[PDB]
Structures are given as structure tokens and as C-alpha cells.
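Asks: Provided herewith is a single structure, encoded as C-alpha cells, for subsequent inquiry.
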6 protein chains.
Amino acid sequence: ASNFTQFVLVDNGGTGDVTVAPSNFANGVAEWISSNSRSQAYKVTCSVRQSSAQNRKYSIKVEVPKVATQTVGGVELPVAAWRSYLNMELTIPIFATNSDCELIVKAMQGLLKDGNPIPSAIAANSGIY
Amino acid sequence: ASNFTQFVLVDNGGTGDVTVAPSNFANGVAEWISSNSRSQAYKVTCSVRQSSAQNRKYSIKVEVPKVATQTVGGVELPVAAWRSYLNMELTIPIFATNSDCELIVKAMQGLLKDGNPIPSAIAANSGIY
Amino acid sequence: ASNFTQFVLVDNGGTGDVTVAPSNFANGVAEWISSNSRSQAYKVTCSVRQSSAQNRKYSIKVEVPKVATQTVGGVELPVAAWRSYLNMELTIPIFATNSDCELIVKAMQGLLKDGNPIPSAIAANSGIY
Amino acid sequence: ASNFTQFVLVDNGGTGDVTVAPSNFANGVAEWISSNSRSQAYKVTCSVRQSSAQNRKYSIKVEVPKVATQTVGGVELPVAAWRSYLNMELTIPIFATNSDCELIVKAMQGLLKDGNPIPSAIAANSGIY
Amino acid sequence: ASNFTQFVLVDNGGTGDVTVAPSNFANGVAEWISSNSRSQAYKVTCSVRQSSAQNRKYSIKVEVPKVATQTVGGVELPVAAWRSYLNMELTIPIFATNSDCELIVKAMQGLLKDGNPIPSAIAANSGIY
Amino acid sequence: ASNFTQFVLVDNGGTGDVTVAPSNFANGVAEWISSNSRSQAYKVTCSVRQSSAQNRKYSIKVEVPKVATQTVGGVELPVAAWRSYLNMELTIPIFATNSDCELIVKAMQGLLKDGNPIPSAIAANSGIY
């Protein structure tokens with residue numbers, strides 16, 4: 001293997017896709033970034049450690065730019081009004097085999113599949129009801 | 001509409017699909033558990049709170065159990081050998097349009113799509129390199 | 001999906017049935033109240049909580065009012081002359097599967113089924129003899 | 001005349017119905033127990049008592065066992081892996097006529113009637129949502 | 001019933017109407033929101049509790065966006081320069097029947113009917129004179 | 001013009017309409033009361049103050065009485081068995097145009113329109129669900 005490659009983060013169906021490419025590997029923390037200023041880029045980071053004697057933790061962070069009314073390459077302040085922050089921590093017991101890990105991955109992709117409650121709540125600016 | 005519906009968390013292609021159903025909303029925390037004993041169930045929770053004056057924050061958690069049958073006091077009980085924990089926090093500015101929110105949802109699903117770096121590392125008990 | 005809805009508390013075979021509707025779900029306590037004066041209303045509440053490491057505990061409560069008119073100083077008010085208070089606690093270990101819970105439910109409906117000892121002692125202002 | 005008799009606690013439509021029979025009426029506490037090992041038996045008790053000058057109070061209790069075999073040192077014993085404990089108290093003012101009591105009984109049967117919120121939350125290891 | 005549905009908040013006569021739809025039900029507080037960013041949305045919330053031994057209180061809140069010179073989907077600061085806040089508390093004695101409540105509703109709609117002093121004062125940026 | 005005029009608070013379709021008339025403006029609080037003894041009157045008050053340097057705030061209150069005749073000391077007096085209290089506060093930024101203000105007025109009347117969720121809950125002694 002060699003996982004550290006460029007990938008499509010936002011698939012707008014071939015036209016207008018957001019591709020994110022490797023940009024840093026300092027401290028073993030893989031970073032991928034889109035082709036933008038760092039204030040407006042889509043950014044993804046990922047790392048793993050053995051968090052405890054019985055667990056490993058994957059730390060994954062994503063930054064997504066607010067695009068509506070965005071001025072490309074402009075100075076947009078305050079920074080917090082223009083960015084969303086995703087923070088995922090995945091704790092997996094040291095006993096999990098690859099198959100167990102494949103299942104955990106499916107559970108994560110099922111949670112966010114289109115039409116499912118969580119992604120539709122988020123996309124509609126809503127809570128659960 | 002009521003987005004508080006059941007969904008398939010683990011899609012095992014129609015056979016052995018883990019589906020999760022609405023089970024509690026006490027204290028504003030939407031919960032969904034699989035059809036098992038509470039000791040062996042998959043569990044998903046979601047809650048949104050206006051964290052800052054200008055942010056809203058979603059807290060989503062998933063628990064994936066490794067089921068087992070344990071003999072306690074000479075009696076067999078349905079149990080979970082261990083659980084894996086997904087723990088995510090999403091902070092979205094109040095200025096985010098629905099289309100802005102859709103971009104976040106797409107970024108999260110692209111992140112975990114099969115074949116992309118992260119889901120590949122996880123499923124192989126590997127880091128990114 | 002939702003189970004926090006209106007329901008028939010008293011079947012009077014279609015006419016003069018007492019219906020109870022959702023009223024408040026503050027602090028994990030679901031409350032239902034019948035229509036008209038709150039002073040003469042039936043009330044049902046329900047809350048579940050992990051009582052211990054191995055148990056979940058349901059707390060159901062029902063109030064049945066004796067409708068009446070209070071006349072004081074020529075001013076009459078709709079009141080409940082008095083109220084009966086049902087008060088139940090149901091403890092279920094976390095090892096109970098859905099089947100086990102269904103059986104628990106049947107045991108409760110059987111206990112109060114028409115004709116059986118308990119419901120008929122109550123209906124007649126009596127004890128066991 | 002007597003209401004201290006055997007009855008069906010669980011209708012399994014004629015086969016595998018759980019029947020509970022009178023066992024002891026010491027100290028004003030009527031107790032019923034199902035057949036076979038007392039260790040795996042269902043238990044129902046009921047007592048009424050004038051709680052105050054104006055109230056009579058019923059105390060009903062039910063125990064539903066999870067049948068199992070304990071094997072210790074090669075010796076196996078019929079035990080209950082665990083038990084759910086139903087626990088209810090019903091207070092009725094001495095002004096209640098028989099009609100009032102019948103209504104109280106109907107309110108209790110309606111509460112647990114199949115399909116209603118409460119019995120279906122319990123039957124599914126769930127709370128209100 | 002089932003009151004929790006979408007409704008027209010601002011009726012501009014079919015064309016340019018503002019419809020508000022259910023968006024959250026955490027803690028039994030019903031929330032409705034328009035299809036906008038949360039900074040620019042019309043928002044309505046409603047809840048009821050028994051405020052005292054003798055009263056119930058409906059808490060209703062409405063947020064209305066300043067629309068003149070608005071940039072749709074833009075970041076508009078300060079938040080307070082762009083939003084109006086309505087806060088209604090309706091206290092109703094437990095003796096009020098449904099008919100009493102219907103009258104209270106009429107009094108509320110008469111207060112705000114077009115042409116009446118209060119709504120015309122507000123709409124004209126005025127006090128009473 | 002002088003918007004301080006009488007209006008019909010409760011429109012009972014020409015017969016038994018509750019109409020309220022200007023009755024005081026002392027201390028900058030506009031008051032309107034119905035044509036009854038001060039003990040049984042409907043009362044409406046309104047005042048506007050520049051709350052912050054950038055806000056203006058209207059405080060509107062309505063009192064709906066439940067009239068009765070009470071015998072005090074062997075003498076009958078016109079009285080109100082109870083009163084229901086509407087209490088609303090509206091905060092509008094100084095930057096709001098008259099058209100912006102008209103939007104607020106329309107939102108408040110749409111909120112209470114017959115058939116919409118809120119007025120329906122209130123009139124039925126129900127919460128939203």
C-alpha cells in the first residue's frame with residue numbers, strides 16, 4: 001500500500017469536484033489540502049496512536065469553507081464566520097481484526113449515506129424531529 | 001416529515017444488514033439502537049446545540065459492539081466483548097446556507113468513500129503513509 | 001417515527017373515550033394530558049433511566065380525576081373532587097432482548113386483563129378473598 | 001366466592017401460557033406462583049390497606065424470570081438468570097363508587113393496551129421519542 | 001391531532017410567502033425554521049409547562065430577519081443589527097376550558113388584526129399618539 | 001391620525017364582541033380597557049422604549065378575565081374568577097425600515113392565524129406534537 005494520495009473530497013459528479021492532495025507529513029500527521037489559500041481551503045488531517053493499553057485512536061479533522069458569497073482569494077474576517085470544523089475520533093480496541101475494522105468503516109459510511117437522518121438533518125440546517 | 005427514522009447502519013447487502021431504529025429523545029438527545037438486548041446493541045446518538053452565539057454544534061456518536069456470550073456465575077449472558085466508539089463533533093457557523101451545509105455533508109461522505117485513503121487505512125489496521 | 005403521541009387512555013367504546021395528548025417532554029419526562037381544564041384532566045407521565053449498571057428502570061404514573069364543580073362564594077370552578085394515583089416502576093436488566101421485553105409486556109397486560117383477580121378486586125372496592 | 005385463584009399471567013394463545021396459582025395469603029399479602037421450580041417461577045403479590053383516613057392503597061408486584069441453568073462444578077441447577085420487577089401502587093379515595101373504580105381499571109388497561117406508547121416503548125427496549 | 005406541521009408565517013398572498021417548517025423537537029420545544037442560513041432565517045419556537053400550581057405557560061418566540069439591504073447567504077454583522085426578537089408568554093389558569101382558551105386565542109388575533117392600533121404603530125416605526 | 005383608538009379585541013361576529021377603548025396614557029403607558037367595572041375589565045397596555053442604543057422595545061400586555069359574581073360578607077360584588085395574561089416583548093433594531101417592520105407584523109399575525117399549529121394547541125389545552 002501507500003495510502004497517502006490525492007482523492008476527491010466533494011464529488012459534484014465530475015464537474016466541479018473538490019480534489020484534496022497531500023500537503024504535509026510533519027510528525028506522521030498526514031495532511032491533504034485543496035488548491036486554495038489556506039483560509040479558504042478544504043483541509044483534511046489524519047493520525048493514529050495507541051491511546052491506551054487496550055485502544056488505538058484515529059484522529060481525523062476536516063475544515064470546510066463557507067462558499068456562499070465567498071470572494072475567491074479575498075481576506076474574509078472573522079475566520080470563524082467562514083469555516084466549519086469536523087472532528088472525529090475513532091477508538092478501536094486492540095482486538096479488532098481487519099474484518100472488524102471493515103465493519104466499523106461500513107457503520108461510518110452508513111451513518112452518512114444520503115437520505116439517512118443525520119446527513120439530512122445537517123444539510124437542512126436542522127436538529128432531529 | 002420527521003427525520004427521526006430508522007436506517008441501515010451497516011449495509012451487508014440485504015443479508016445481515018445492521019439496521020438501527022429511533023429509541024429515545026429524552027433530554028434532547030436523539031438515540032437509535034439496533035434490535036438487540038441493550039448489552040449487545042449498536043447505538044447512535046445525535047444532538048445539536050448553539051455552542052457559541054455564532055455557531056451550532058452537532059455531536060454524533062456511534063458504538064459498534066463485538067458480541068459474545070459470557071458465563072458469569074455458571075450462567076450465560078448476552079454481552080459485548082468490546083465496543084468501538086466513533087465520536088464526532090461538527091461546528092457550523094450560523095451564516096452557513098443550506099447549500100453550504102450540503103457541501104459539508106458531501107465532504108464527509110467523500111472522506112469515507114471506499115477506496116479513499118482514510119477508510120483504507122482503518123480497514124487495514126494501518127496508518128497513512 | 002414517534003411514540004410521543006396522542007392515545008386512548010379509556011375505551012368507552014368510541015364515545016366518551018378519554019384521550020390523552022402530548023404536553024411536555026422536559027427533563028426526560030414525557031407527559032400526556034387530556035383536553036379541557038387542566039384542573040379536571042387525566043395525566044400520564046413516563047421516564048426511563050439506567051437505574052444501575054445492569055438495569056434500566058421505567059417510571060410510569062397515571063392520575064384519574066373525579067370531575068366536579070367547586071362553588072365557593074357563588075363562584076364556581078371546574079375541579080377534580082379527588083384523584084386516584086397509579087404509580088409503577090418497571091426494572092429490566094440490560095440483558096433482556098426484545099423478546100424478553102415483549103413477554104414482560106404480556107405479563108403486565110395479563111395481570112390487568114378483565115376477569116383476572118387483581119383488576120376485578122380493584123373494580124369492586126375489594127381485596128383478595 | 002373467591003378471587004384468590006389461579007389465572008393466566010401470560011397468554012401465549014393457549015400453548016406455553018404462563019399460569020400463576022395461589023401460594024400463600026399470610027399477613028394480608030396474597031401471593032401467586034407459577035409451577036415447577038420456585039427458582040424459575042413467576043411471582044405476583046397483592047395487598048390492599050387503608051393508607052390514610054381517606055385512602056385505600058393497593059400494592060401489586062410481579063417478577064418475570066429469565067429461565068436458565070446454572071452449572072457450577074459440574075452440578076447444574078435450574079435458576080433464573082435474572083428477573084424484571086414490576087412494582088405498582090394504586091391509591092383510591094374512599095369516596096370512589098364501583099363505577100369510579102371500573103374507570104380506574106380501564107385507564108390501567110388502556111395505558112398498557114397493545115400499540116399504545118408505553119407498552120410499545122417497553123417491548124422495544126426504548127424510551128419515548 | 002398532530003400540530004407539528006409546516007405553515008405560512010408571512011402571507012404575501014401566494015407569491016413570496018414565507019413558509020416555516022419543523023426543524024427541531026429537542027426537549028419537547030417545537031422549532032420551525034425557514035429555508036435560509038440560521039443567521040437569516042425566520043424562526044419560531046413553542047413550549048408549554050405548568051408554571052405554578054394554578055397556571056400553565058406557553059412560551060413562544062419568533063425571530064424575524066431585517067430584509068432591507070440584506071445579502072442573501074452573506075455574513076451580516078453585527079447580528080443584533082439584523083434581527084428582531086418576539087417573545088410571548090401566555091399564562092392560563094388551570095380552570096380554563098377549551099372554550100376559554102378559544103377566546104384567549106381570539107383576543108390575541110384581534111390585538112394584531114390589521115388596522116388596529118398596536119400593529120399599525122409597529123409597522124410605522126411608532127409609539128402611541 | 002392618532003393611533004390611540006378603540007378596537008375590537010374579541011370578534012364574536014358582531015354579537016358579544018369585546019371592544020376595548022383608550023383609557024389612560026399616564027407615564028407613557030397607553031391603556032385600553034373594556035366597558036366594565038375595573039374589576040371585570042379586559043385590559044391592554046402598550047409602551048415603547050429605546051432599550052439599547054440600537055434597539056427599541058415594545059411591551060404589550062393583555063389581560064383576559066373570567067367574570068363572576070362573588071358574595072363577600074353577604075354582599076354580591078362583580079369580580080373576575082381569574083385572569084389570563086398575555087405578555088409580549090418585541091425588540092426591533094433601529095436599522096429596520098417600515099417595510100422591515102411590516103414583515104414583523106405579518107409574521108405575528110400568521111403565527112396566530114386560525115388553523116396554524118400554535119393557536120390550535122392553545123385552544124385545545126394541548127402542547128405541540
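A note on labels: chains of the C-alpha cells are A, B, ... as shown, every chain counts residues from 1, and ligands are counted from 1 in their shown order.
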If you take only C-alpha atoms and a cut-off of 12 Å, which residues of chain D touch chain B, and what are their nearest atom pairs and distances in Å to one decimal, in chain and number order, as CSV?
Replies:
residue,atom,partner,partner_atom,distance
D:66,CA,B:77,CA,10.4
D:67,CA,B:75,CA,10.2
D:68,CA,B:75,CA,7.0
D:69,CA,B:75,CA,6.5
D:70,CA,B:74,CA,4.8
D:71,CA,B:74,CA,4.7
D:72,CA,B:74,CA,5.4
D:73,CA,B:74,CA,8.8
D:74,CA,B:74,CA,9.6
D:75,CA,B:74,CA,9.8
D:76,CA,B:74,CA,8.6
D:77,CA,B:74,CA,9.5
D:78,CA,B:75,CA,10.2
D:79,CA,B:75,CA,8.8
D:80,CA,B:75,CA,9.2
D:81,CA,B:75,CA,6.5
D:82,CA,B:77,CA,9.7
D:117,CA,B:23,CA,11.9
D:120,CA,B:23,CA,10.7
D:121,CA,B:23,CA,7.8
D:122,CA,B:23,CA,10.2
D:123,CA,B:35,CA,10.9
D:124,CA,B:35,CA,7.7
D:125,CA,B:38,CA,7.0
D:126,CA,B:23,CA,4.7
D:127,CA,B:24,CA,4.7
D:128,CA,B:24,CA,5.4
D:129,CA,B:25,CA,4.6
Asks: Report, to one decimal in Å, the C-alpha RMSD of chain C against chain E after an in-order least-squares superposition over all those atoms.
Replies: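 Here the RMSD amounts to 3.4 Å.
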Asks: Can you tell me, as a list in words, what residues are no more than 10 Å from residue 49 in chain B when counting only C-alpha atoms, ignoring any on the same chain fewer than 2 positions away?
Replies: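 Contacts, with the query itself left out: residues 127 of chain A; 28, 47, 51, 52, 55, 56, 57, 58, 59 and 91 of chain B; 26 of chain E.
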Asks: In Å to one decimal, how far is CA of residue 12 in chain E from CA of residue 114 in chain F?
Replies: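 Separating CA of residue 114 in chain F from CA of residue 12 in chain E is a distance of 16.8 Å.
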Asks: Can you pull out every residue from chain A that DSSP, working from the backbone, puts in helix (DSSP H, G or I), and format the result as a list in words?
Replies: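 So, restricting chain A to helix (DSSP H, G or I), we get residues 26, 27, 28, 79, 80, 81, 98, 99, 100, 101, 102, 103, 104, 105, 106, 107, 108, 109, 110, 111, 117, 118, 119, 120, 121, 122 and 123 of chain A.
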Asks: Could you list, as a compact mmCIF listing (two decimals) with N, CA, C and O atoms, in the first residue's frame, every residue within 9 Å of residue 104 in chain A, counting only C-alpha atoms and ignoring same-chain residues fewer than 5 positions away?
Replies:
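part.txt, freshly written:
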# COMPACT_ATOMS: atom_id res chain seq x y z
N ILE A 92 -10.71 2.18 18.63
CA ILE A 92 -10.84 0.78 18.28
C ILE A 92 -9.99 -0.09 19.21
O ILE A 92 -8.80 0.15 19.35
N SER A 99 -11.30 -7.48 9.63
CA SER A 99 -12.71 -7.65 9.33
C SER A 99 -13.54 -6.82 10.26
O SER A 99 -14.56 -6.28 9.85
N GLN A 109 -19.86 4.78 7.05
CA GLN A 109 -20.43 5.20 5.77
C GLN A 109 -21.96 5.08 5.72
O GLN A 109 -22.62 5.85 5.03
N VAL B 10 -25.23 -0.61 8.92
CA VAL B 10 -24.23 -1.44 8.27
C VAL B 10 -24.95 -2.13 7.14
O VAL B 10 -25.86 -2.91 7.36
N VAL B 64 -20.03 0.48 18.15
CA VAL B 64 -20.08 -0.78 17.41
C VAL B 64 -19.61 -1.89 18.39
O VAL B 64 -18.49 -1.86 18.87
N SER B 84 -16.40 -0.39 19.97
CA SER B 84 -15.59 0.58 19.28
C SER B 84 -16.43 1.85 19.31
O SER B 84 -17.65 1.79 19.20
N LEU B 86 -17.15 5.76 17.86
CA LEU B 86 -16.96 6.85 16.90
C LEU B 86 -17.49 8.02 17.66
O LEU B 86 -18.56 7.96 18.26
N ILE B 122 -7.89 2.51 8.00
CA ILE B 122 -8.68 1.97 9.10
C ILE B 122 -8.97 0.49 8.93
O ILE B 122 -8.74 -0.31 9.83
N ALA B 123 -9.44 0.13 7.75
CA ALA B 123 -9.79 -1.24 7.47
C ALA B 123 -8.62 -2.19 7.43
O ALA B 123 -8.82 -3.39 7.47
Asks: If you run DSSP on this backbone, which residues of chain B come out as strand (DSSP E), and could you give them as a PyMOL selection string?
Replies: chain B and resi 7-10+18-24+30-34+43-49+55-72+75-93
